[PDB]
Every structure is written in C-alpha cells, then in structure tokens.
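Take a look at the structure below.
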Amino acid sequence: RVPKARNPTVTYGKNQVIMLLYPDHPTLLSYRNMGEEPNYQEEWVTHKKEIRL
Amino acid sequence: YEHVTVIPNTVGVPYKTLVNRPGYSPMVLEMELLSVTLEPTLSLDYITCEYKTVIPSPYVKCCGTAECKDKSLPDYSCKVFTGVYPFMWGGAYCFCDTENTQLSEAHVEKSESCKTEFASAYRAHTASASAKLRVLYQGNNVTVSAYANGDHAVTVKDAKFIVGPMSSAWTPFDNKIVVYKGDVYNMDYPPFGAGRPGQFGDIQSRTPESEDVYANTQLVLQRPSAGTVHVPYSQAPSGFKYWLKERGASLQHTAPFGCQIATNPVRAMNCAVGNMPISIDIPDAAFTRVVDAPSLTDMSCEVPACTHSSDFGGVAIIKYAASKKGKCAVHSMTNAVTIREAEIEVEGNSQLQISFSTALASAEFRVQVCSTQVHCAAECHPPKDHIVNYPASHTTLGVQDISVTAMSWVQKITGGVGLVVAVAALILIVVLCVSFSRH
Ligand SMILES: CCCCCCCC/C=C/CCCCCCCC(=O)OC[C@H](COP(=O)(O)OCC[N+](C)(C)C)OC(=O)CCCCCCC/C=C/CCCCCCCC
Ligand SMILES: CCCCCCCC/C=C/CCCCCCCC(=O)OC[C@H](COP(=O)(O)OCC[N+](C)(C)C)OC(=O)CCCCCCC/C=C/CCCCCCCC
C-alpha cells in the first residue's frame, strides 16, 4: 500500500494551470502534452510549491 | 443497405452519421469509441536478472602448492596465492609459516529471485488493433467489442459493423522493448552475448528456464589479507539492480498522443492518432418508408443563445408543422457544427429545441430534421472559463469556415483595392490604345 497525495489547489488562466501543492514527503510531479510531441517533464517536490503549466 | 463512413480515433467523443437511403426516412447513428487497443506481437529475446556469485570454501594447501584447476562455467575465475598463513580461532591452520597456498575460485549464476524479479527484453514488430464501441442504433445504446483489422464484423440488432483497419500504422513501441513488471521501456538493449559489466544486460539468459547463462561481470579475485581465510574479490555490481534505480520514466508517462500502456499482454490503449474506417450494413427491413414517417413542413429556426464552448454552448429552437406524431432524426448538414440530439419526438404545430456545439464565431449551418432542411444563423460569443477537463466536442476551425460576418471588412478593403487596380488598368489600356491608333 502506498499513499495518495493531497488534492492540489488548481487555478486557471489563459493557456495556463496554476497548481499549489502540499506534499507531505518527496512526491513526483510529471506532465506531458497529449499531442505528437509529448514534451515530458518531471520533478520531485519536497515542500509547498506553486507551478504554472 | 451498405453504409461506409470514417470517424476520428478520439476516445470519448461521440460522432453522428447519416444513413440516408432515399425513399425511406433518414436514420442517424451515434457511435462512440469506448477504448482502442494496440497489441504488438512480441518475440522474447532474453531475460535479465540479478547475478549471484558462488564462492565455494577456499582450499588452502598445507606444506605445498596447489594448482589452478580449470573448468567451464559462466564466469569462472580461479587464482592461487602463495605465502598465506591462515589463522583460525584456535591458532594457525597450516603447519609451516610459508610455502602455504590458497586456492580461490568463483563463478556466477542466476539468483533464486530470477523467477520473480526479472526484466524481459522483447522485439515488437506488428500490432493487431481491437476496439470497444458504443453505438446508438434505433434509439438503443448497444456496446460492441471487435477487432479493428477490418476482418471481424459484429452483428447487433441485425445490422453488422465491421470496423477498421486504422488509418495510421503509428505505435508507441520501438523495435526493441523491455518490460519489468507493468512498465515497458523503449530501449535498445545490447544483443545476446554482448552485455557490458555494470550495465543492463551484463547477465543474460535466453528464457527463465534455460541454463546457458551468459554473464560478463569482470569477476576478479584478490589476495586474502593478513592471515584471514576469506575470499575477497572485485566485481562490477549487478547491472540490473543499477537499472532499477535509474530506469527513468516508463512508456506510460512519456508516450505521445496521450497513450496509455499496460501489460499482460503489453498493449497501448486510447491513442489519438488518425481515423478509423467503419462500415455498417443495415437490413432492408429496418428502414421505414417516407410515407409512414412523420413529415415536417413550414419549418423555421431561431437561435437565442450561442457560445462556442467545448461543451454544448449553443441552443437552437425550430418551429415546425408535423403531419403526425412520431420520431424524427436530427442531423447537422455542416461539419463545423455538432448537434447533440440524434432524434426527437415530434407532433402537431409546435417547436423543438436542439443543443449544438461549434467553434465558429458566426454560426451558419443547415439542420435536417426528417427529410426537411432549415437554415440557422447566430453570432457566437467566447466563453470565460479558460480551461476545462473534457475535449472539444466540435470540429476544429478551418481558414474557410472562418471570418465571422463582420468579415465584410475584408471584402470592402479588397474591393477598394480591386477598384483602384481596375481604374489604373483601364486608364493604362485607354492610353495604350490611343497611342497605338495614333501614328
Ligand atoms: C485595419 C483593417 C483590418 C480589417 C479587420 C478584418 C480582419 C479579420 C481577420 C483576421 C485574419 C483571419 C485569421 C484567422 C485565422 C484562423 C485560424 C485558422 O482557422 O486556421 C487553423 C488551421 C490550423 O491547422 P490545424 O492544426 O488546427 O488543423 C489540422 C488538425 N489536425 C492536426 C488534427 C490534422 O490553419 C490552417 O490549417 C490553414 C491552412 C493554410 C494556411 C496558409 C494560409 C494562406 C493564406 C493566405 C492569405 C492571403 C490571400 C491569398 C492571395 C490570393 C489573391 C486573391
Ligand atoms: C463606382 C462603381 C463601383 C461599383 C462597385 C464594384 C465593387 C464590387 C465588388 C468586389 C468585391 C469582391 C471581392 C472578392 C471577394 C469574393 C469572396 C467572397 O465572395 O466570399 C466567398 C465566401 C462567402 O461565403 P458563402 O456563404 O457565399 O458560401 C457558403 C454558402 N453556404 C453557406 C450556403 C454553404 O466566403 C468564403 O468562403 C471565404 C473566402 C476566402 C477568405 C480567405 C480568408 C480571409 C482572409 C482575410 C485576410 C485579409 C486581412 C485584412 C487585414 C489587412 C490589414 C489592412
């Protein structure tokens, strides 16, 4: 059994997603476009952070 | 009756089609792809695992010198060290203080964890697609599952669908695939018999039950230290355990086109590439003569609200006069506009409301409701929400179905330019004619 992270606090903007994250421990965040070029990216977040995808 | 059509390979978006057999009431079928699967054909190359170095108890020669016996084994290495003085708990083991030699030997084997913790290196070279389809035939939701190679035809409610082959041969898997448990990685593993130490494939076995293990780990024996009776050595660590730490990200998280990957067997699910030919074949007894279906006349359209959202942001209200009570099949005659309803009940002099979705900012489309057509028109307005969790239900925008009314600015400016050019050309040709006649 492995845990599930807390739901982030999402907020939208023009062609953007603003995500506020509350990790309790090193958590992996990855994202990819769903088109021809996925442009995969990832990072471990270890504290509270805000991302702009 | 045989009807052949093409729908995009997008999963979760329903598409409508018009089975128009003239002389009979039109029939509209809404079909949606619940899932599309690509299952490559796999030929196993070799299993990789964690090696286990087997060191038998060292043989010390008391008052003599031992010889290096040679035998064939995966990574056999044997060495003889002279001048050792082994010490056990109760005192020295050998009699003399010198001329004692220690015989060391070691080889490698597949660990007992081979049957559980192993990575399989494959070759993937052709894919047999499958598909699960939801088709709304005659006002009933019926779900079919069939092969999308164009060969399996599934009969549902007496009409049979034969779906595929997919228009695109694209597949997320390369020619060489390695799977570990539920993750599959696009990597070019070294061929059998050519593994390198400390890298993936240093120990290779053809099958998890074979015995001719190929192992290349540079096992080097080292001299025992200061009267100890151990067997030190210097070996490159397991390449496979190093790989497990540095795998990277599986195909499930990096494959393009939103592809989903699974195992047992390895499949790629719900790609968003290309489109899917699909052929219906309806019995001639399913249709209804045009003189028995309701016939709509005196039709007119008004479009009160119209927002070009991803979901159905438009509403059109159509006045009609119906010959008799019954169902009618509503279909949009314009590709740019998608109508959510597939059929609606109709009776008397009344009105019906259909919900449509468009990307146009000046909606102009024709809606056909049971053999009768009507023209629609509205000015759309953009939505406020910048992001949604569902894909667009409407077709993308072309450079022709473009330029809303109040693009008349383009016509006006290009007409002014054309008038100036025409006046200039007229004056030029008049002068040319007058100077050509004059001589
Ligand atoms: C101050 C006075 C101002 C007056 C105000 C009025 C101004 C009003 C106008 C603004 C201009 C309108 C521009 C808007 C364009 C809309 C964008 C569009 O609608 O486009 C979308 C597509 C994008 O593609 P996609 O990936 O979404 O589709 C493929 C889908 N998938 C990948 C699944 C296969 O774009 C395409 O495809 C287009 C393909 C062709 C692109 C080449 C364009 C060539 C046009 C040249 C124009 C010059 C005239 C020619 C001269 C001839 C002499 C008469
Ligand atoms: C003193 C005596 C003077 C007398 C006056 C004489 C002047 C008379 C006039 C000349 C004006 C003609 C100019 C040529 C324009 C013709 C094009 C046109 O007639 O339209 C064609 C269609 C109209 O649609 P429809 O409903 O008829 O067809 C659909 C029918 N249904 C709905 C039933 C399916 O439209 C289309 O298909 C799209 C057409 C292609 C559009 C290309 C993309 C637009 C790009 C624009 C870029 C310009 C940039 C401007 C900003 C620059 C900065 C300054």
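By convention in this document, the chains of the structure tokens carry letters A, B, ... by their order, each chain's residues are numbered from 1, and ligands are numbered from 1 in the order they are shown.
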I'd like the neighbourhood of residue 25 (chain A) as a list in words, where a residue qualifies if any of its atoms comes within 10 Å (using only C-alpha atoms), though same-chain residues fewer than 2 positions away should be ignored.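 Residues near the query, excluding close chain neighbours: residues 5, 22, 23, 27, 28, 44, 45, 46 and 47 of chain A.
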Take the selection from the previous step and output its residues with C-alpha atoms, as a compact mmCIF listing (two decimals), in the first residue's frame.
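For reference, part-v5.txt as written:
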# COMPACT_ATOMS: atom_id res chain seq x y z
CA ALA A 5 -1.07 13.00 -2.25
CA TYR A 22 1.05 20.30 -0.36
CA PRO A 23 3.46 17.36 -0.27
CA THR A 27 6.42 13.45 -4.37
CA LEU A 28 6.86 13.09 -8.11
CA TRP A 44 10.34 15.88 -7.19
CA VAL A 45 8.59 18.42 -4.98
CA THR A 46 9.52 18.25 -1.32
CA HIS A 47 7.80 21.32 0.15
Can you check which residues of chain A have any atom within 7 Å of chain B? Use only C-alpha atoms and format it as a ChimeraX atom specification. /A:12-15,32,34-38,40
Give me, as a ChimeraX atom specification, the set of residues whose atoms come within 12 Å of any atom of ligand 2, counting only C-alpha atoms and all ligand atoms. /B:333-336,362-366,374-377,398-423
Residue subset to file, keeping N, CA and C atoms, as an mmCIF file, in the first residue's frame:
data_model
loop_
_atom_site.group_PDB
_atom_site.id
_atom_site.type_symbol
_atom_site.label_atom_id
_atom_site.label_comp_id
_atom_site.auth_asym_id
_atom_site.auth_seq_id
_atom_site.Cartn_x
_atom_site.Cartn_y
_atom_site.Cartn_z
ATOM 1 N N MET B 333 -26.071 19.401 -41.251
ATOM 2 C CA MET B 333 -25.505 19.278 -42.586
ATOM 3 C C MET B 333 -24.165 19.976 -42.728
ATOM 4 N N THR B 334 -23.672 20.615 -41.676
ATOM 5 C CA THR B 334 -22.415 21.347 -41.705
ATOM 6 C C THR B 334 -21.424 20.674 -40.772
ATOM 7 N N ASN B 335 -20.208 20.446 -41.264
ATOM 8 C CA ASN B 335 -19.202 19.783 -40.447
ATOM 9 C C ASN B 335 -18.800 20.637 -39.258
ATOM 10 N N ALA B 336 -18.870 21.956 -39.404
ATOM 11 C CA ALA B 336 -18.371 22.843 -38.365
ATOM 12 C C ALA B 336 -19.234 22.833 -37.118
ATOM 13 N N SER B 362 -19.407 32.812 -35.974
ATOM 14 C CA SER B 362 -20.634 33.216 -36.658
ATOM 15 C C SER B 362 -21.288 31.933 -37.161
ATOM 16 N N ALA B 363 -22.174 31.373 -36.348
ATOM 17 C CA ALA B 363 -22.763 30.077 -36.644
ATOM 18 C C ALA B 363 -23.744 30.199 -37.796
ATOM 19 N N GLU B 364 -23.440 29.540 -38.911
ATOM 20 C CA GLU B 364 -24.367 29.433 -40.033
ATOM 21 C C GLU B 364 -24.350 27.991 -40.502
ATOM 22 N N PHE B 365 -25.456 27.283 -40.305
ATOM 23 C CA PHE B 365 -25.494 25.861 -40.584
ATOM 24 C C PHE B 365 -26.904 25.466 -40.974
ATOM 25 N N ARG B 366 -27.009 24.327 -41.641
ATOM 26 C CA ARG B 366 -28.282 23.758 -42.039
ATOM 27 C C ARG B 366 -28.546 22.525 -41.197
ATOM 28 N N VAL B 374 -33.506 23.234 -42.834
ATOM 29 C CA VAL B 374 -33.738 24.607 -42.419
ATOM 30 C C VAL B 374 -32.384 25.265 -42.212
ATOM 31 N N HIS B 375 -32.325 26.573 -42.423
ATOM 32 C CA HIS B 375 -31.086 27.322 -42.279
ATOM 33 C C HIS B 375 -31.055 28.012 -40.924
ATOM 34 N N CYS B 376 -29.891 27.996 -40.281
ATOM 35 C CA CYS B 376 -29.708 28.516 -38.936
ATOM 36 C C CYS B 376 -28.698 29.653 -38.980
ATOM 37 N N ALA B 377 -28.802 30.597 -38.047
ATOM 38 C CA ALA B 377 -27.832 31.683 -38.033
ATOM 39 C C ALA B 377 -27.794 32.351 -36.668
ATOM 40 N N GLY B 398 -11.400 25.811 -39.640
ATOM 41 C CA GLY B 398 -10.671 25.960 -40.877
ATOM 42 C C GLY B 398 -10.509 27.415 -41.268
ATOM 43 N N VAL B 399 -9.685 27.646 -42.292
ATOM 44 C CA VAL B 399 -9.459 29.010 -42.761
ATOM 45 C C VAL B 399 -10.543 29.421 -43.749
ATOM 46 N N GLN B 400 -11.481 28.519 -44.037
ATOM 47 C CA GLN B 400 -12.638 28.889 -44.844
ATOM 48 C C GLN B 400 -13.850 29.144 -43.958
ATOM 49 N N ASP B 401 -14.237 28.152 -43.154
ATOM 50 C CA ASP B 401 -15.272 28.334 -42.135
ATOM 51 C C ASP B 401 -14.660 29.208 -41.052
ATOM 52 N N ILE B 402 -14.470 30.471 -41.402
ATOM 53 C CA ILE B 402 -13.642 31.411 -40.668
ATOM 54 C C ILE B 402 -14.324 32.765 -40.735
ATOM 55 N N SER B 403 -13.695 33.796 -40.165
ATOM 56 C CA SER B 403 -14.023 35.168 -40.535
ATOM 57 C C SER B 403 -15.512 35.459 -40.446
ATOM 58 N N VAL B 404 -15.986 35.656 -39.234
ATOM 59 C CA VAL B 404 -17.379 35.909 -38.947
ATOM 60 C C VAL B 404 -17.921 36.993 -39.860
ATOM 61 N N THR B 405 -19.226 36.945 -40.104
ATOM 62 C CA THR B 405 -19.888 38.114 -40.651
ATOM 63 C C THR B 405 -19.535 39.310 -39.784
ATOM 64 N N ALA B 406 -19.199 40.420 -40.436
ATOM 65 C CA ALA B 406 -18.280 41.468 -39.983
ATOM 66 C C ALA B 406 -16.856 41.075 -40.344
ATOM 67 N N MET B 407 -16.677 40.047 -41.171
ATOM 68 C CA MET B 407 -15.534 39.972 -42.073
ATOM 69 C C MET B 407 -15.765 40.766 -43.343
ATOM 70 N N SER B 408 -16.960 41.337 -43.511
ATOM 71 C CA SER B 408 -17.230 42.224 -44.631
ATOM 72 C C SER B 408 -16.195 43.327 -44.742
ATOM 73 N N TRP B 409 -15.426 43.569 -43.682
ATOM 74 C CA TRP B 409 -14.288 44.472 -43.782
ATOM 75 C C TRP B 409 -13.270 43.963 -44.790
ATOM 76 N N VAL B 410 -13.017 42.654 -44.796
ATOM 77 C CA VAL B 410 -12.099 42.085 -45.777
ATOM 78 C C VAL B 410 -12.620 42.325 -47.183
ATOM 79 N N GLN B 411 -13.905 42.045 -47.403
ATOM 80 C CA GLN B 411 -14.487 42.265 -48.720
ATOM 81 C C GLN B 411 -14.405 43.727 -49.119
ATOM 82 N N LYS B 412 -14.689 44.637 -48.191
ATOM 83 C CA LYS B 412 -14.677 46.054 -48.528
ATOM 84 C C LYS B 412 -13.276 46.535 -48.883
ATOM 85 N N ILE B 413 -12.265 46.167 -48.093
ATOM 86 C CA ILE B 413 -10.928 46.676 -48.388
ATOM 87 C C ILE B 413 -10.364 46.027 -49.648
ATOM 88 N N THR B 414 -10.585 44.723 -49.836
ATOM 89 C CA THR B 414 -10.102 44.107 -51.065
ATOM 90 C C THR B 414 -10.876 44.608 -52.277
ATOM 91 N N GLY B 415 -12.150 44.964 -52.108
ATOM 92 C CA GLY B 415 -12.896 45.548 -53.206
ATOM 93 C C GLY B 415 -12.411 46.937 -53.557
ATOM 94 N N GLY B 416 -12.070 47.737 -52.548
ATOM 95 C CA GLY B 416 -11.484 49.038 -52.826
ATOM 96 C C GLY B 416 -10.158 48.925 -53.552
ATOM 97 N N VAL B 417 -9.307 47.999 -53.110
ATOM 98 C CA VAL B 417 -8.037 47.783 -53.796
ATOM 99 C C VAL B 417 -8.275 47.309 -55.224
ATOM 100 N N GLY B 418 -9.226 46.394 -55.413
ATOM 101 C CA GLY B 418 -9.536 45.930 -56.752
ATOM 102 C C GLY B 418 -10.083 47.029 -57.640
ATOM 103 N N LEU B 419 -10.880 47.935 -57.074
ATOM 104 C CA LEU B 419 -11.388 49.055 -57.857
ATOM 105 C C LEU B 419 -10.268 50.000 -58.259
ATOM 106 N N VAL B 420 -9.333 50.271 -57.349
ATOM 107 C CA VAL B 420 -8.198 51.117 -57.709
ATOM 108 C C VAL B 420 -7.365 50.454 -58.798
ATOM 109 N N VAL B 421 -7.118 49.150 -58.664
ATOM 110 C CA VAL B 421 -6.345 48.432 -59.673
ATOM 111 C C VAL B 421 -7.076 48.430 -61.008
ATOM 112 N N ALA B 422 -8.394 48.240 -60.985
ATOM 113 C CA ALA B 422 -9.164 48.224 -62.221
ATOM 114 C C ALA B 422 -9.175 49.592 -62.887
ATOM 115 N N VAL B 423 -9.299 50.663 -62.102
ATOM 116 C CA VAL B 423 -9.245 52.007 -62.669
ATOM 117 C C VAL B 423 -7.879 52.270 -63.286
#
What is the distance, in Å and to one decimal place, between CA of residue 99 (chain B) and CA of residue 222 (chain B)?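 Interatomic distance, CA of residue 99 (chain B) to CA of residue 222 (chain B): 18.6 Å.
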Please, which residues of region 199-297 of chain B, numbered as in this document, come out helix (DSSP H, G or I) from DSSP, as a list in words?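 The residues of region 199-297 of chain B classed as helix (DSSP H, G or I) are residues 239, 240, 241, 242, 243, 244, 245, 251, 252, 253 and 254 of chain B.
Between CA of residue 381 (chain B) and atom 30 (C, counted along the ligand's line) of ligand 1 the separation is 22.7 Å.
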Give me, as a count of residues only, the residues of chain A that a backbone DSSP run labels strand (DSSP E or B). 25
Contacts of residue 181 (chain B) at 12 Å or less, counting only C-alpha atoms, minus same-chain residues fewer than 6 places along, as a PyMOL selection string? chain B and resi 116-121+244+250+262-266
Just checking: using only C-alpha atoms and all ligand atoms, which residue out of B:64, B:10, B:100, B:158 ends up closest to ligand 1?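 Residue with the minimum atom-to-atom distance to ligand 1: B:10.
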